[PDB]
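Note sheet for the following structure.
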Amino acid sequence: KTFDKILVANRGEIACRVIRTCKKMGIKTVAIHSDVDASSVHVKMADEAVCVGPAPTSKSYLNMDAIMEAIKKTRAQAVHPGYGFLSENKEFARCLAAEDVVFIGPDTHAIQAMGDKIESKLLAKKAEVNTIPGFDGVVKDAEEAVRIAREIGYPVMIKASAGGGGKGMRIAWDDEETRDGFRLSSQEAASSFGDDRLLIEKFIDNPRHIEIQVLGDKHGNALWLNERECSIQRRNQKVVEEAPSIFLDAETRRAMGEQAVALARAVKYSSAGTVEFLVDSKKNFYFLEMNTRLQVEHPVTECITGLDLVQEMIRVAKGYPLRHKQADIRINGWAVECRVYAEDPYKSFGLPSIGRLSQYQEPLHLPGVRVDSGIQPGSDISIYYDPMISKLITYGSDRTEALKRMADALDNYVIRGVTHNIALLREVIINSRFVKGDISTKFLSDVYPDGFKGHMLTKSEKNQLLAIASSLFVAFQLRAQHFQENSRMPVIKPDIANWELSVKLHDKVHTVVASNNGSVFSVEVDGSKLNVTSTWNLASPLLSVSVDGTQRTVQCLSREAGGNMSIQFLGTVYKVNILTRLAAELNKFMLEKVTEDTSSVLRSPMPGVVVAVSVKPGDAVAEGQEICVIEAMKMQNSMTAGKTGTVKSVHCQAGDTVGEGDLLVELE
Amino acid sequence: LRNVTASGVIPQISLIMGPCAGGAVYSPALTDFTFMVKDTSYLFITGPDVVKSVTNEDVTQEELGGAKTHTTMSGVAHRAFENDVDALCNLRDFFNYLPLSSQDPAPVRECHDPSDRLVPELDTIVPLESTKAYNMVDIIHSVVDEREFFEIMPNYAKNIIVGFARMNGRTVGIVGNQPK
């Protein structure tokens, strides 16, 4: 029937996906891991595991020789590398095939065929897709810049024959600024890098990035699946994708699907892969690139096609034909996917954080929600790997149902111990341009021109947040009064009719009066009446409240006796300081002392010898990042950074002996 | 005489919120816990004027008997709080842990945190490598009710952790080592 044993050459949720599929198929799965990944989820889910190497991936997941030893040691029949590590490594596939192990993925012909841009462009010309002509020559005269454009098209770009970074580049539409752009570049470019030869080609406006997936067959067949819209991205990495685009009608889907197949059938791509198109504002589709590997955006198409990509790839690798025909591939609903990273969205959209996970709870009780995660509580996330936490997939019958369900899943998704990007995901999906669909590949750069700031509350939302924060504050104060009965010292419950609170938010102090009538708190927030009803179970990480009929979920992340309470509301953490009327009136007498933030100066906490320094000047440093390792009394002590920045100077080196308080490293 | 007689009969809590000199400095030494207020409270027998007159050493008020010294180096004060308002707010919450008398059982208070839940986060805290340190506090926080822990002397004798918490509503005391 199928394989008896498959080895997976990857880690994390992609390895978990294969392990689950194999178990469904009745196939034993072998995992590989590094020494630090020995307790990761995919290692425990697999049937057998082999340790390959140490923490850095170059010696554990890219060490093809050590992996080959594991493959034969366990008598594995086929290898599925997933994506990333050795999915395009020809030397691995070559030496793997030399040993008659079935490789699941492209063959080496497809990897080399798309090895560079020349073969890819030639394929698009042969398969007949698009690849819009430019000018195969140098523009020299003042009238050639416009005459050549007139023959090929309208939107015309002027760029240097070699170079980049604005090396005389200008965008032109009509003939007047095309002539002007050329002559400016042709007379001034010679002063930059000594070259004033200009070329012209054709461009598109507000692009959208659209993928079409193709499933190849070893027998020559190939089918195309529904597209994916992948325009929400930062640092050239996607974060949110939608399957049933919006920029395509039935005819466009067929037209572009056939071209994606035409590429696959002309290189004989008998594997699963993706073809990337760019579409302009006028629905003109242009070829961009052909990808050979299971994409990270393959769990969102499955929810509307009803397929299982890993199951299909394994049967094709065994040698079975495709089990479906094109007439059976349709859109059964809508699906949207969000990638959750252990990153700070404020620090230039996604600066990696380092840490351990203390609380973790996936929203699997909600309808239409599928969470694909490679982590479990008590997992560490570190600098050696892309800080992925999970991929959250939500589907529904329509576009509004899938988006609403996604919003709910994000608020019921508990991640604590690291910094995550839920606030960014929760606001983008509710943006008026996203709901309508006016999204370009530079969407986030125009919405957040000064960086990510967090969700901005309106009048009604501030009143609901103040009512929830005030009612929760009182709920804690009432729980504190419920003692077991002491027969010697009777306890008398204070007869408090009203709670008069002073609630400080960002820079305003609000007047809130609350009273309890059982399960409902009647709260007046600056004259506005709200009724907050809940069960007020104070131990649960997810507190469900109803505020004047409006259903909200909030998380209390921290609480202090000094009135500080951290509440996550609509994905954004707000810091509210709740004092009683009396405490707030007397607190004005306290000195507003200002202290110094001394987190950039890293000193030795313990005398001993420095055995490692992870840095040199200029190195980037994250919070929690190990900088120096001092080992005294048979115990390696790691000194970590308390500030995100770069190293300015390394003051003590490995081999030096340091005392208590000595300066080790200075950060910006 | 009263402070000694009351020992073991009722708990005695002292919060110092200003200067303290002369014989007054010994009552916190007879009570069970002593707290201070950062940069506002002092605790010394004689002032800097006497110290300089007796021995040829220079010292100021904050150095001789400041809250930072007694919470970090002498081990006299159990915890310093930022200001008067925060000090009393935390004192009320601390009060809720203790019985009224030694004739009473440890207080038991309504608790919503299920007593039979698992804590998977503990299985991988302790490393297999014998020379790799870990933070004991992660274990303490994950076990105690609702992850609330009252730490005593956070800045003195950091190699041992002591404090109060509640498990299934009942007040308990926690002592542990800090391999870090």
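All positions are counted from 1 along the displayed chain.
For this deposited structure, the header notes the method as electron microscopy, 3.0 Å.
Each residue, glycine too, has its Cβ placed from N, Cα and C.
As recorded in Swiss-Prot:
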- A:2-449: domain 'Biotin carboxylation' (DOMAIN)
- A:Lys5: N6-acetyllysine (MOD_RES)
- A:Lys90: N6-acetyllysine (MOD_RES)
- A:121-318: domain 'ATP-grasp' (DOMAIN)
- A:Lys140: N6-acetyllysine (MOD_RES)
- A:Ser192: phosphoserine (MOD_RES)
- A:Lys268: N6-acetyllysine (MOD_RES)
- A:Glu276, A:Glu289: Mn(2+) 1 binding site (BINDING)
- A:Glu289: active site (ACT_SITE)
- A:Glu289, A:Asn291: Mg(2+) 2 binding site (BINDING)
- A:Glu289, A:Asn291: Mn(2+) 2 binding site (BINDING)
- A:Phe349: biotin binding site (BINDING)
- A:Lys436: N6-acetyllysine (MOD_RES)
- A:593-668: domain 'Biotinyl-binding' (DOMAIN)
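Known features from Swiss-Prot, placed on the structure.
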| residue | record | Cβ neighbours (10 Å) |
| --- | --- | --- |
| A:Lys5 | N6-acetyllysine | 16 |
| A:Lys90 | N6-acetyllysine | 15 |
| A:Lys140 | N6-acetyllysine | 12 |
| A:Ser192 | phosphoserine | 15 |
| A:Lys268 | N6-acetyllysine | 16 |
| A:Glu276 | Mn(2+) 1 binding site | 17 |
| A:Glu289 | Mn(2+) 1 binding site | 14 |
| A:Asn291 | Mg(2+) 2 binding site | 19 |
| A:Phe349 | biotin binding site | 19 |
| A:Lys436 | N6-acetyllysine | 9 |
Entries of A:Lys5, A:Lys90, A:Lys140, A:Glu276 which, being recorded positions, have CA atoms within 10 angstroms of A:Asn291 (Mg(2+) 2 binding site):
A:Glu276
Can you tell me whether DSSP puts A:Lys436 (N6-acetyllysine) in helix, strand or coil?
helix
Rounded to a whole number, how many Å is the Cα of A:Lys268 (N6-acetyllysine) away from the Cα of A:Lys90 (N6-acetyllysine)?
17
Taking DSSP as the reference, which of helix, strand or coil describes A:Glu289 (Mn(2+) 1 binding site)?
strand
Helix, strand or coil: which one is A:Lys90 (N6-acetyllysine) in, per DSSP?
helix
Under 8 Å, Cβ to Cβ, against chain B: pull out the ones among the recorded positions A:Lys140, A:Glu276, A:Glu289, A:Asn291, A:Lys436 that qualify, in sequence order.
none
Helix-strand-coil residue split for the domain 'Biotinyl-binding' (A:593-668), DSSP-based:
0 helix, 35 strand, 41 coil
Whole-number Å distance between the CA of A:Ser192 (phosphoserine) and the CA of A:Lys140 (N6-acetyllysine)?
18
Whole-number Å distance between the CA of A:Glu289 (Mn(2+) 1 binding site) and the CA of A:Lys90 (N6-acetyllysine)?
19
Can you give me the Cα-Cα distance between A:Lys436 (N6-acetyllysine) and A:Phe349 (biotin binding site) in Å, rounded to a whole number?
23
Measure from the CA atom of A:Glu276 (Mn(2+) 1 binding site) to the CA atom of A:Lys5 (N6-acetyllysine) and give the result in Å, rounded to a whole number.
33
I'd like to confirm something. Which of the recorded positions, A:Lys140, A:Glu276, A:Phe349, has a Cα closest to the Cα of A:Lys90 (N6-acetyllysine)?
A:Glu276
